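Q: 3D, please:
(one chain, ligands or ions: 1)
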Amino acid sequence: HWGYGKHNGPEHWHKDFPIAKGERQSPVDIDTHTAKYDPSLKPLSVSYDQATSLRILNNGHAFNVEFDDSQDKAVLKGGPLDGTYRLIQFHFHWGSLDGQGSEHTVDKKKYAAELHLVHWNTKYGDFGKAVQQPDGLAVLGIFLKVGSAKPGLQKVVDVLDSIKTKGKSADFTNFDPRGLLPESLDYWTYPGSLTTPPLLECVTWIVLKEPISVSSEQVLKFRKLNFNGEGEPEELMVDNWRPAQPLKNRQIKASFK
Ligand code: NI
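A: Numbers count the residues shown, from 1 in each chain. Now the structure:
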């Protein structure tokens, strides 16, 4: 009923999910000249030392690397956030070509891909309750450009053959998400939404300024995945990004000058 095709893509989602035309939809274009430095912002705290990855799943629209979120093992705090947000999963959005694939844009520039580390606010007890709140989620977004390989991505790339098609999963223990982060934690932040149905307006977005580099070969492996299930006609999992939405009555803040 939804996907990224002509007949079921972003331009159709509002029929089932009218919140698609809402007041705080994501992604957005980040106009770097209009974002404003906010001295109120507290420092960003990424505490991933005790992370427990569990599994990788092809869900038909991306692949998710899932974590144990039943304790404070991998948490995000600080920045614009009040309280503690637990890592539940990360995934990527990517293109068919190196010139598109990101959801956020920077001065209209599209990156080859975008990494989303998804966290939920522990005050709400579980993910499902968190997505019903305006401050339920915090998503750390990281752009990917093609150039040098990212060593810490390789273990992800190499399991993708085992989850080619929708509904396939594989064990994926002992993966360290710190190996996917750039050097700087400088960021932009704004209030937004999920970028997939049901498009809930529950996300504090924290988008890092510094991209990571991945190799051609690494992105090419993303592009070998399938949206379809096994035994269905093959449709490459590419261009699984929603385009930028209207900013409306929001101001993007920067953590840096
Ligand atoms: Ni995402």
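Q: sec struct for residue 154, please.
A: helix (DSSP: H, G, I helix; E, B strand; the rest coil).
Q: Now do the contacts for it.
A: residue 218 (C-beta atoms under 8 Å, 6 or more residues apart in numbering). Quick note: C-beta positions are derived from backbone N, CA and C, even for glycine.
Q: One more: residue 160?
A: Residue 160 makes contacts with 63, 221, 222, 224, 225, as judged by C-beta under 8 Å, 6+ apart.
Q: at 7 Å instead, please
A: By C-beta atoms under 7 Å, 6 or more residues apart in numbering, the contact set of residue 160 is 63, 221, 224, 225.
Q: Could you save those residues as a markdown table and add columns showing distance to residue 80 and neighbour count?
A: A markdown table is the format used below for the contacts of residue 160 (distance: C-beta to C-beta, whole Å; neighbours: other C-beta atoms under 10 Å):
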| residue | distance to residue 80 | neighbour count |
| --- | --- | --- |
| 63 | 28 | 27 |
| 221 | 34 | 19 |
| 224 | 37 | 13 |
| 225 | 33 | 22 |
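Q: just the residues you listed now: which is nearest residue 256?
A: Nearest to residue 256 among those: residue 63, at 31.3 Å, using C-beta to C-beta.
Q: related to what we said a few turns ago, in strands, which of the contacts of residue 160 appear?
A: Using DSSP state E, residue 63 are the members of those that sit in strands.
Q: Wait, a helix at residue 239?
A: No: judged by three-state DSSP, residue 239 forms no part of a helix; its state is coil.
Q: Ramachandran angles for the nearest residue in space to residue 58 that is not next to it in sequence?
A: The shortest distance from residue 58 to any non-neighbouring residue, by C-beta to C-beta, 6 or more residues apart in numbering, is to residue 163 (4.3 Å). With angles defined as degrees, to the nearest 10, residue 163 sits at phi -130, psi 40.
Q: thought residue 163 was touching residue 55?
A: No: at 9.6 Å, residue 163 does not count as touching residue 55 under the criterion of C-beta atoms under 7 Å.
Q: out of these two, which sits in the busier spot?
A: Neighbour comparison, residue 163 and residue 55: the larger count goes to residue 163, with 21 against 16 (by other C-beta atoms under 10 Å).
Q: need the contact list for the more buried one.
A: By C-beta under 7 Å, 6+ apart, the contact set of residue 163 is 56, 57, 58, 63, 169, 170.
Q: Please apply the same query to residue 48.
A: 74, 177, 178.
Q: Which of the helices or strands spans the residue nearest to the spatial centre of the chain?
A: For the chain, residue 116 is the residue whose C-alpha lies nearest the centre (C-alpha atoms, centre = their mean; 2.1 Å). In the assignment (DSSP states H and E), residue 116 maps to strand 113-121.
Q: now residue 129, nearest residue through space, not along the chain?
A: The shortest distance from residue 129 to any non-neighbouring residue, by C-beta to C-beta, 6+ apart, is to residue 136 (7.5 Å).
Q: Please apply the same query to residue 21.
A: That would be residue 14: by C-beta to C-beta, 6+ apart, it lies 5.3 Å from residue 21.
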